[PDB]
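Worksheet: one structure, shown below.
Read-outs: derived from the displayed coordinates by stated rules, not from any lab. Every residue, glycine as well, gets a Cβ built from its backbone with ideal geometry; the counts of neighbours run over all protein chains shown.
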Amino acid sequence: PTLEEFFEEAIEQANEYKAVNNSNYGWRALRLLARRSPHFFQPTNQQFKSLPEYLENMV
Amino acid sequence: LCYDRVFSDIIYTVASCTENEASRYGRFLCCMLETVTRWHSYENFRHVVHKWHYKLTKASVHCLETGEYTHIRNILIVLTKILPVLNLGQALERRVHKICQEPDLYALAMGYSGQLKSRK
C-alpha cells in the first residue's frame, strides 16, 4: 500500500480502542516500514517504551 | 558505523520476522558478532564492544520483559542463534521469569535457559 494506502487512519486518529493498539496491524506496519520509510533504520535510540509509541511517531 | 547501526537498532528488525526469518537474521548477526569478537582481541575497541554488548543485552531484556508473543518468540530464537557477567545474569533472570510465567514458547525458553546454563 506504500505508506499511505495502508494506515489511512493513524494520521486521521492522532488509545483504548484505536488502531495502533492491535498487534496484527502493528506487526504489518513493521513489515511495511522495512521496505520503505528511510527513517526506519535511522539511529533514533530514544528508548520508546512501547511499540505503539514508536509506531505512531513513524507515521 | 555499520556495526554500530547493526548492533543498536536490533529491536524492531527482530520483532518483524516470520518465525524463521528470525533464524536467518540471527545467523548473520552471530556471524558478524563472532567476527567482531575475533578481531577484537585495543582499549578503545574494548570500550566500544562493551557498549555494543550493553546495548544488545539492554534491547534484549527490553524486548523480553514485555512485548507479547511475536517479539518474545523472535528474540528467543535469535538469542539461541547468537548464544555462542551482570548482563548475562539479568538476561537469564528475565528469561527464567518469562518461562515460568507461562506452550511452544515455554519449550523454546527452557531450551535457551539450558543452553545458557551449559555455556555459563
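Applying the Kirkwood pairwise sum to the alpha-carbon positions of chain B produces a hydrodynamic radius of 14.7 angstrom. Here the simple spin-label model places points 7 Å from the Cα toward Cβ, and for A:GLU5 and B:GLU68 these points are separated by 3.0 nm. Region A:11-44 and region B:77-102 have their alpha-carbon centroids 27 Å apart.
Divided by 2.2 N^0.38 Å, where N counts the residues, the Cα radius of gyration of the protein assembly as shown comes to 1.09. Sorted from longest to shortest, the spans of the Cα atoms of chain A along the three principal axes equal 30, 27, 19 Å. Checking the table A:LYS18/B:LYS55; A:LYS18/B:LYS51; B:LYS58/B:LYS81; B:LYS98/B:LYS120; A:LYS49/B:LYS117 against a 27 Å threshold on Cα-Cα, which pairs fail? Among A:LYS18/B:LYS55; A:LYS18/B:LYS51; B:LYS58/B:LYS81; B:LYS98/B:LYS120; A:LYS49/B:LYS117, the Cα-Cα distance tops 27 Å for A:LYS18/B:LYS55; A:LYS18/B:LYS51; A:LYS49/B:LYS117. Roughly what % of Cα-Cα distances in region B:1-69 sit above 17 Å, to the whole percent? Counting every Cα pair in region B:1-69, those more than 17 Å apart make up 46 percent. Neighbours of B:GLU65 by Cβ distance under 15 Å: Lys/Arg scored +1, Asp/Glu scored -1, total +3.
Rounded to 0.05, the FRET efficiency of the B:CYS2 and A:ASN24 pair, given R0 = 25 Å and the Cβ-Cβ distance, is 0.15.
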